[PDB]
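In what follows, a single structure is set out as structure tokens and then discussed.
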Amino acid sequence: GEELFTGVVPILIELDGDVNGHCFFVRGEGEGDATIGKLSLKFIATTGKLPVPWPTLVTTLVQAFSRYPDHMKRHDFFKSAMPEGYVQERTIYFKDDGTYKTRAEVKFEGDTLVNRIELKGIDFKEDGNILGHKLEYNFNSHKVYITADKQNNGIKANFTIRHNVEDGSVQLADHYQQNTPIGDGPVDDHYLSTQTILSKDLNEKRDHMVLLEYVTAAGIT
Amino acid sequence: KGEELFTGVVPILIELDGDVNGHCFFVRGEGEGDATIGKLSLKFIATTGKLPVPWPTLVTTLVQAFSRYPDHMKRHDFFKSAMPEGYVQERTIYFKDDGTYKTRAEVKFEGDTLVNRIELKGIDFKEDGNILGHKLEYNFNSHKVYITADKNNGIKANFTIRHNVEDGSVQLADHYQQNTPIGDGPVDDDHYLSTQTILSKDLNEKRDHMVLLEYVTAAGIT
Ligand SMILES: [Mg+2]
């Protein structure tokens, strides 16, 4: 699957959501450089104003795009499942607040890699950090601990995301993940190091998130 | 159990999830029903803010098991016979010269509370129409609900709702209904339900809401 990631690969992102009854849609376009672990994307809300903070959707809207080191090439499930693709599911627990359930498909559509997502948010508190938009427009660096999931012939990941709040302490989001192959069966413990930058397109009147991310793999000597 | 469950007053919880021309919203209602007297008292609230559609259009979509069937009609009602397991209630509502509603609901007992859970999708509603334009008066007329057996082992119903418009004209809503029992062994003749509704507001409620009082009795058989 490594052969399809050579050079620059186009990216398409689609998300459908419902948070405490609030529907919304997001569309993103950009490109990815798996060889260099670089992502550049621009997101727009096609339904108006986003009812939840943009940082909370960062993890939900890819991962093939990670640069796995030469001695770790065989451990990249994300790239190995292409072009057929894989299904990615999560339950995100915001401490003392609501929860997100997500289901996505990542696959090639022509020469474009597409990520179509469905998320449902429930039990979010009124005037909370999420529904109250009290989260800073930024993102911290994290470690995505990946482990094999023999039963589903895929992988599982666990990590806690730290969302900066406008005053000083931070809002935690526990992430639980499962990735499963879509077709024919081509596949150790390790982790991903992530860095993200959120920004704004000054000539865009629509709600915008501009994204730059750098991801590498490690954990094996 | 299935009629024995409705002696006296039963608590009610109602939940609706909807999408009209892309505008999702949710409504939650709580109240009580006294099937012996065919009476309902409920309060509904929009938990997502302002309703993108007029409240009266959601009345029929929001517990016919509380209808009052006469002693000589005990056999006839199917609503209570399907309890406590409950029944599925589906509808397609066509508003004349406007959009359409598709609904799916499950009505059943959860403990001592009768619960009605709903999904509603509205399509092809016109901009500046009576519906999306909020031109319907805050009231509800009396109707007759025509029920017939669907020996899907349930029932079907057809009727036309009359919504008063602010200008004085009326917006019609054709209702097509299908009910199927969730589990086993329920009762199935042609007859109708006579309905009366009263809409009001809670003076101390800032959220978009609707207070409803309803009286339903059955007839059509001598
Ligand atoms: Mg909904």
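For the structure tokens, the naming scheme is as follows: chains receive sequential letters (A, B, ...) according to their order of presentation, residues are indexed from 1 within each chain, and ligands are indexed from 1 in presentation order.
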
Find the nearest atom pair between each residue of chain A and ligand 1 for residues within 9 Å, count only C-alpha atoms and all ligand atoms, give distances in Å to one decimal, sort rows by chain and ascending number, and present the table as a Markdown table.
| residue | atom | partner | partner_atom_place_in_ligand_line | distance |
| --- | --- | --- | --- | --- |
| A:17 | CA | ligand 1 | 1 (Mg) | 8.8 |
| A:18 | CA | ligand 1 | 1 (Mg) | 6.0 |
| A:19 | CA | ligand 1 | 1 (Mg) | 8.3 |
| A:20 | CA | ligand 1 | 1 (Mg) | 8.2 |
| A:21 | CA | ligand 1 | 1 (Mg) | 4.9 |
| A:22 | CA | ligand 1 | 1 (Mg) | 6.8 |
| A:23 | CA | ligand 1 | 1 (Mg) | 6.4 |
| A:120 | CA | ligand 1 | 1 (Mg) | 8.9 |

#### Entry: Exercise: residue 1 (chain B) partners within 8 Å, only C-alpha atoms, chain neighbours under 6 positions left out, as number ranges by chain
B: 81, 83-84

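Distance check against residue 29 (chain A) using only C-alpha atoms: of A:192, A:113, A:4, A:52, the minimum falls on A:113.
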
### Within 10 Å of residue 162 (chain A) using only C-alpha atoms, minus same-chain residues under 2 positions, as a PyMOL selection string
chain A and resi 55-56+94+139-142+159-160+164-165+169-174

Residues of the last selection are to be written out with N, CA, C and O atoms, as a PDB file, in the first residue's frame.
ATOM      1  N   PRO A  55     -11.628  22.856  17.635  1.00  0.00           N
ATOM      2  CA  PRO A  55     -10.613  21.912  18.129  1.00  0.00           C
ATOM      3  C   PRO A  55     -11.131  20.504  18.443  1.00  0.00           C
ATOM      4  O   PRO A  55     -10.386  19.532  18.302  1.00  0.00           O
ATOM      5  N   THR A  56     -12.390  20.399  18.854  1.00  0.00           N
ATOM      6  CA  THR A  56     -12.994  19.112  19.189  1.00  0.00           C
ATOM      7  C   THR A  56     -13.222  18.206  17.979  1.00  0.00           C
ATOM      8  O   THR A  56     -13.492  17.013  18.133  1.00  0.00           O
ATOM      9  N   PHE A  94     -15.476  13.442  26.990  1.00  0.00           N
ATOM     10  CA  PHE A  94     -15.044  14.715  27.545  1.00  0.00           C
ATOM     11  C   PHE A  94     -15.321  14.656  29.031  1.00  0.00           C
ATOM     12  O   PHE A  94     -16.481  14.523  29.437  1.00  0.00           O
ATOM     13  N   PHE A 139      -4.225  23.640  19.542  1.00  0.00           N
ATOM     14  CA  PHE A 139      -4.083  22.198  19.720  1.00  0.00           C
ATOM     15  C   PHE A 139      -2.708  21.816  20.243  1.00  0.00           C
ATOM     16  O   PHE A 139      -1.683  22.330  19.792  1.00  0.00           O
ATOM     17  N   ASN A 140      -2.712  20.903  21.209  1.00  0.00           N
ATOM     18  CA  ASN A 140      -1.489  20.412  21.827  1.00  0.00           C
ATOM     19  C   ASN A 140      -0.919  19.220  21.085  1.00  0.00           C
ATOM     20  O   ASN A 140      -1.543  18.686  20.168  1.00  0.00           O
ATOM     21  N   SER A 141       0.288  18.824  21.473  1.00  0.00           N
ATOM     22  CA  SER A 141       0.926  17.675  20.866  1.00  0.00           C
ATOM     23  C   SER A 141       0.568  16.465  21.710  1.00  0.00           C
ATOM     24  O   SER A 141       0.532  16.538  22.937  1.00  0.00           O
ATOM     25  N   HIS A 142       0.296  15.349  21.049  1.00  0.00           N
ATOM     26  CA  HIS A 142      -0.090  14.131  21.742  1.00  0.00           C
ATOM     27  C   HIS A 142       0.578  12.859  21.280  1.00  0.00           C
ATOM     28  O   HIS A 142       1.305  12.840  20.287  1.00  0.00           O
ATOM     29  N   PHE A 159      -5.765   7.269  23.848  1.00  0.00           N
ATOM     30  CA  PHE A 159      -5.055   8.488  24.200  1.00  0.00           C
ATOM     31  C   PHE A 159      -6.027   9.507  24.770  1.00  0.00           C
ATOM     32  O   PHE A 159      -7.244   9.371  24.627  1.00  0.00           O
ATOM     33  N   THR A 160      -5.479  10.518  25.429  1.00  0.00           N
ATOM     34  CA  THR A 160      -6.279  11.569  26.037  1.00  0.00           C
ATOM     35  C   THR A 160      -5.815  12.891  25.435  1.00  0.00           C
ATOM     36  O   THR A 160      -4.658  13.288  25.582  1.00  0.00           O
ATOM     37  N   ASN A 164      -7.100  23.177  25.421  1.00  0.00           N
ATOM     38  CA  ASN A 164      -6.852  24.363  26.222  1.00  0.00           C
ATOM     39  C   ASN A 164      -8.141  25.160  26.408  1.00  0.00           C
ATOM     40  O   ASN A 164      -8.878  25.387  25.443  1.00  0.00           O
ATOM     41  N   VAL A 165      -8.430  25.565  27.640  1.00  0.00           N
ATOM     42  CA  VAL A 165      -9.629  26.353  27.895  1.00  0.00           C
ATOM     43  C   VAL A 165      -9.177  27.805  28.042  1.00  0.00           C
ATOM     44  O   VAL A 165      -8.052  28.067  28.464  1.00  0.00           O
ATOM     45  N   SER A 169      -6.851  25.975  33.192  1.00  0.00           N
ATOM     46  CA  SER A 169      -6.833  24.469  33.119  1.00  0.00           C
ATOM     47  C   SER A 169      -7.509  23.932  31.893  1.00  0.00           C
ATOM     48  O   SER A 169      -8.238  24.692  31.257  1.00  0.00           O
ATOM     49  N   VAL A 170      -7.298  22.658  31.561  1.00  0.00           N
ATOM     50  CA  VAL A 170      -7.664  22.114  30.248  1.00  0.00           C
ATOM     51  C   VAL A 170      -8.717  21.001  30.267  1.00  0.00           C
ATOM     52  O   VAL A 170      -8.894  20.312  31.272  1.00  0.00           O
ATOM     53  N   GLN A 171      -9.416  20.849  29.143  1.00  0.00           N
ATOM     54  CA  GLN A 171     -10.567  19.968  29.044  1.00  0.00           C
ATOM     55  C   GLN A 171     -10.055  18.681  28.398  1.00  0.00           C
ATOM     56  O   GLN A 171      -9.536  18.706  27.281  1.00  0.00           O
ATOM     57  N   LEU A 172     -10.161  17.567  29.121  1.00  0.00           N
ATOM     58  CA  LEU A 172      -9.685  16.276  28.621  1.00  0.00           C
ATOM     59  C   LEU A 172     -10.718  15.523  27.772  1.00  0.00           C
ATOM     60  O   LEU A 172     -11.925  15.580  28.025  1.00  0.00           O
ATOM     61  N   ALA A 173     -10.213  14.819  26.761  1.00  0.00           N
ATOM     62  CA  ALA A 173     -11.037  14.016  25.862  1.00  0.00           C
ATOM     63  C   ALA A 173     -10.420  12.635  25.664  1.00  0.00           C
ATOM     64  O   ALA A 173      -9.427  12.490  24.953  1.00  0.00           O
ATOM     65  N   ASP A 174     -10.998  11.622  26.307  1.00  0.00           N
ATOM     66  CA  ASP A 174     -10.488  10.259  26.188  1.00  0.00           C
ATOM     67  C   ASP A 174     -10.902   9.656  24.852  1.00  0.00           C
ATOM     68  O   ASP A 174     -12.082   9.621  24.514  1.00  0.00           O
TER      69      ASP A 174
END

For residue 2 (chain A), please output as a PDB file with N, CA, C and O atoms, in the first residue's frame all residues within 12 Å (counting only C-alpha atoms; exclusion window: fewer than 4 positions along the same chain).
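As a result, out_18.pdb now contains:
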ATOM      1  N   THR A   6       3.236   7.718  -2.574  1.00  0.00           N
ATOM      2  CA  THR A   6       4.419   8.398  -3.084  1.00  0.00           C
ATOM      3  C   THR A   6       3.999   9.802  -3.501  1.00  0.00           C
ATOM      4  O   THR A   6       2.905   9.975  -4.040  1.00  0.00           O
ATOM      5  N   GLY A   7       4.839  10.804  -3.266  1.00  0.00           N
ATOM      6  CA  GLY A   7       4.464  12.149  -3.662  1.00  0.00           C
ATOM      7  C   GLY A   7       3.320  12.776  -2.880  1.00  0.00           C
ATOM      8  O   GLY A   7       3.083  12.449  -1.715  1.00  0.00           O
ATOM      9  N   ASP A  33       1.273  14.570   2.439  1.00  0.00           N
ATOM     10  CA  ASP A  33       2.577  14.068   2.031  1.00  0.00           C
ATOM     11  C   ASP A  33       3.011  13.036   3.041  1.00  0.00           C
ATOM     12  O   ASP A  33       3.733  13.350   3.988  1.00  0.00           O
ATOM     13  N   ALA A  34       2.557  11.804   2.840  1.00  0.00           N
ATOM     14  CA  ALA A  34       2.867  10.737   3.771  1.00  0.00           C
ATOM     15  C   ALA A  34       4.368  10.553   3.911  1.00  0.00           C
ATOM     16  O   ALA A  34       4.855  10.233   4.995  1.00  0.00           O
ATOM     17  N   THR A  35       5.100  10.736   2.814  1.00  0.00           N
ATOM     18  CA  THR A  35       6.547  10.591   2.866  1.00  0.00           C
ATOM     19  C   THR A  35       7.147  11.575   3.871  1.00  0.00           C
ATOM     20  O   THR A  35       8.124  11.266   4.560  1.00  0.00           O
ATOM     21  N   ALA A  64      -3.010   7.852   7.362  1.00  0.00           N
ATOM     22  CA  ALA A  64      -2.207   7.122   6.400  1.00  0.00           C
ATOM     23  C   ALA A  64      -1.023   8.023   6.358  1.00  0.00           C
ATOM     24  O   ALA A  64       0.131   7.610   6.245  1.00  0.00           O
ATOM     25  N   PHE A  65      -1.368   9.294   6.456  1.00  0.00           N
ATOM     26  CA  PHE A  65      -0.487  10.390   6.100  1.00  0.00           C
ATOM     27  C   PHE A  65       0.724  10.471   7.043  1.00  0.00           C
ATOM     28  O   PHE A  65       1.547  11.378   6.914  1.00  0.00           O
ATOM     29  N   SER A  66       0.832   9.539   7.993  1.00  0.00           N
ATOM     30  CA  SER A  66       1.890   9.603   8.984  1.00  0.00           C
ATOM     31  C   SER A  66       3.171   9.137   8.308  1.00  0.00           C
ATOM     32  O   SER A  66       3.123   8.271   7.433  1.00  0.00           O
ATOM     33  N   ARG A  67       4.311   9.693   8.699  1.00  0.00           N
ATOM     34  CA  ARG A  67       5.569   9.244   8.121  1.00  0.00           C
ATOM     35  C   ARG A  67       6.114   8.178   9.039  1.00  0.00           C
ATOM     36  O   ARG A  67       6.589   8.471  10.138  1.00  0.00           O
ATOM     37  N   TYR A  68       6.033   6.933   8.592  1.00  0.00           N
ATOM     38  CA  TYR A  68       6.555   5.854   9.395  1.00  0.00           C
ATOM     39  C   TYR A  68       8.004   5.730   8.969  1.00  0.00           C
ATOM     40  O   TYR A  68       8.313   5.770   7.776  1.00  0.00           O
ATOM     41  N   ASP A  70      11.746   4.209   8.153  1.00  0.00           N
ATOM     42  CA  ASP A  70      12.163   3.090   7.324  1.00  0.00           C
ATOM     43  C   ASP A  70      12.164   1.748   8.061  1.00  0.00           C
ATOM     44  O   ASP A  70      11.793   0.727   7.484  1.00  0.00           O
ATOM     45  N   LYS A  73       8.303   0.682   8.567  1.00  0.00           N
ATOM     46  CA  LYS A  73       7.416   0.638   7.407  1.00  0.00           C
ATOM     47  C   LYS A  73       6.331  -0.432   7.500  1.00  0.00           C
ATOM     48  O   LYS A  73       5.171  -0.150   7.233  1.00  0.00           O
ATOM     49  N   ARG A  74       6.700  -1.657   7.862  1.00  0.00           N
ATOM     50  CA  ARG A  74       5.713  -2.733   7.919  1.00  0.00           C
ATOM     51  C   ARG A  74       4.606  -2.547   8.964  1.00  0.00           C
ATOM     52  O   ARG A  74       3.578  -3.223   8.891  1.00  0.00           O
ATOM     53  N   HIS A  75       4.804  -1.659   9.937  1.00  0.00           N
ATOM     54  CA  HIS A  75       3.781  -1.443  10.964  1.00  0.00           C
ATOM     55  C   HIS A  75       2.671  -0.421  10.648  1.00  0.00           C
ATOM     56  O   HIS A  75       1.817  -0.163  11.494  1.00  0.00           O
ATOM     57  N   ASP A  76       2.671   0.156   9.449  1.00  0.00           N
ATOM     58  CA  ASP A  76       1.647   1.144   9.077  1.00  0.00           C
ATOM     59  C   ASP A  76       0.357   0.535   8.502  1.00  0.00           C
ATOM     60  O   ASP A  76       0.211   0.391   7.291  1.00  0.00           O
ATOM     61  N   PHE A  77      -0.591   0.207   9.373  1.00  0.00           N
ATOM     62  CA  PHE A  77      -1.862  -0.384   8.940  1.00  0.00           C
ATOM     63  C   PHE A  77      -2.636   0.552   8.031  1.00  0.00           C
ATOM     64  O   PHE A  77      -3.274   0.120   7.071  1.00  0.00           O
ATOM     65  N   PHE A  78      -2.601   1.828   8.368  1.00  0.00           N
ATOM     66  CA  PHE A  78      -3.327   2.848   7.641  1.00  0.00           C
ATOM     67  C   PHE A  78      -3.008   2.818   6.139  1.00  0.00           C
ATOM     68  O   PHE A  78      -3.917   2.813   5.309  1.00  0.00           O
ATOM     69  N   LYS A  79      -1.724   2.811   5.790  1.00  0.00           N
ATOM     70  CA  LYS A  79      -1.348   2.767   4.383  1.00  0.00           C
ATOM     71  C   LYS A  79      -1.518   1.379   3.746  1.00  0.00           C
ATOM     72  O   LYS A  79      -1.830   1.266   2.558  1.00  0.00           O
ATOM     73  N   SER A  80      -1.305   0.332   4.543  1.00  0.00           N
ATOM     74  CA  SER A  80      -1.420  -1.055   4.079  1.00  0.00           C
ATOM     75  C   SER A  80      -2.809  -1.500   3.615  1.00  0.00           C
ATOM     76  O   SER A  80      -2.936  -2.441   2.831  1.00  0.00           O
ATOM     77  N   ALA A  81      -3.843  -0.819   4.098  1.00  0.00           N
ATOM     78  CA  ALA A  81      -5.228  -1.155   3.763  1.00  0.00           C
ATOM     79  C   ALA A  81      -5.756  -0.463   2.516  1.00  0.00           C
ATOM     80  O   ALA A  81      -6.889  -0.703   2.096  1.00  0.00           O
ATOM     81  N   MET A  82      -4.935   0.393   1.922  1.00  0.00           N
ATOM     82  CA  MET A  82      -5.348   1.119   0.733  1.00  0.00           C
ATOM     83  C   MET A  82      -5.062   0.274  -0.511  1.00  0.00           C
ATOM     84  O   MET A  82      -4.186  -0.589  -0.479  1.00  0.00           O
ATOM     85  N   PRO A  83      -5.770   0.541  -1.624  1.00  0.00           N
ATOM     86  CA  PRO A  83      -6.826   1.545  -1.808  1.00  0.00           C
ATOM     87  C   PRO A  83      -8.174   1.109  -1.252  1.00  0.00           C
ATOM     88  O   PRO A  83      -9.053   1.962  -1.132  1.00  0.00           O
ATOM     89  N   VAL A 187      -2.230  -6.716   6.220  1.00  0.00           N
ATOM     90  CA  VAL A 187      -2.064  -5.785   7.332  1.00  0.00           C
ATOM     91  C   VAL A 187      -1.101  -4.663   6.972  1.00  0.00           C
ATOM     92  O   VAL A 187       0.015  -4.594   7.482  1.00  0.00           O
TER      93      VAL A 187
END

### Message
Using only C-alpha atoms, I'd like every residue of chain B that has an atom within 9 Å of chain A; please write them out as a PyMOL selection string.
### Response
chain B and resi 17-19+22-27+47-48

### Summary
One decimal place gives the CA of residue 171 (chain B)-CA of residue 145 (chain B) separation as 17.7 Å

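What separates CA of residue 213 (chain A) from CA of residue 124 (chain A) is a distance of 27.7 Å.
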